[PDB]
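Take a look at this one chain, the form deposited in one PDB entry, written out in structure tokens.
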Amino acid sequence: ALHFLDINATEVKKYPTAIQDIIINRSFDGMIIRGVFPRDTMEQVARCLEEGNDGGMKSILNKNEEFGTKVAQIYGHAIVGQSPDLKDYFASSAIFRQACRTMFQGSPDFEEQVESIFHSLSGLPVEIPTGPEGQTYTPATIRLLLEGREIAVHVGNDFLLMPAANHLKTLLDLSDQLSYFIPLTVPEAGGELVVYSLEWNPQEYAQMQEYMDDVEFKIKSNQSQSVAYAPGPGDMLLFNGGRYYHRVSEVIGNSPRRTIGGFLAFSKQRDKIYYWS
């Protein structure tokens, strides 16, 4: 069974070892952190994406039509499924950061608030990784799930074994990568993070549709227990997506599910938190 804490964002400094407790000690598996961003800020950002005045965010929208209903539309390239050079990824990452910064209008700033949370939950400095030639990684991508669309089952630690993570790998501690996301908008029904009790195993691909099908088989071959979560707008769900297989259930109704999220992990020497998408 999976164990998620649930606290208000005001309390995050009282859980200074929370990230260590999830990744290293495994004393629990995730957290719902309520009101990390105000509801106003989330609505504002959602409007910016609706109305088009999004600081250039729509210029880096990846519809991912060649994968159908099993993925989301992603603003900015995610690290998943990129060429090891990451040329396109770094181009969109740069745009994502300035666009995100623009839409949040320091109310509060996305990166500052997210870093503040991760800092309070670890007592560590928090940074966005840097590429071989100084290129910024993106701190997040925005995931848009339209009606009928879901996010196929997968697990995060597989991503660190993909060619696109070749640089990241060198910066990171080999421990579990956590996932985080914050809903900007929630759907009328469905669109729940469903986490399975099945654990990723290092003793058991890189092409994407091939990967998704490989995991869906692995999920159907085990049929293990699951729990569903549906955090509200502005709530951060932080959990061990690296270890536990999970998906996002089909979005029911016309209201799209918009999340801003990514991943975080310890640096090589466990003296820093990196976060990215």
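The term rigid core refers to the maximal set of C-alpha atoms that superpose within 1.5 Å between the two forms. Each residue number is its position in the shown sequence, starting from 1.
Just so it is clear, the following notes concern the form deposited in another entry, a form of the same protein that is not shown.
Participant: Out of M212, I252, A46, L61, I need the residue that shifts by 2 angstroms or more at the Cα between this form and the one not shown, core superposed.
Facilitator: The one that shifts is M212.
Participant: Does the C-alpha of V71 move 2 Å or more between this form and the one not shown once the rigid core is lined up?
Facilitator: Yes: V71 shifts by at least 2 Å between this form and the one not shown.
Participant: Quick one: in the other entry, is the Cα gap between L172 and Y211 smaller or bigger than here? Answer closer or farther; it shifts by 3 Å or more.
Facilitator: Farther: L172 and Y211 separate by 3 Å or more in the other entry.
Participant: If the CA atoms of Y196 and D213 move by 3 Å or more in the other entry, do they move toward each other or away, so closer or farther than here?
Facilitator: It is closer: in the other entry, the C-alpha atoms of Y196 and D213 lie at least 3 Å nearer than they do here.
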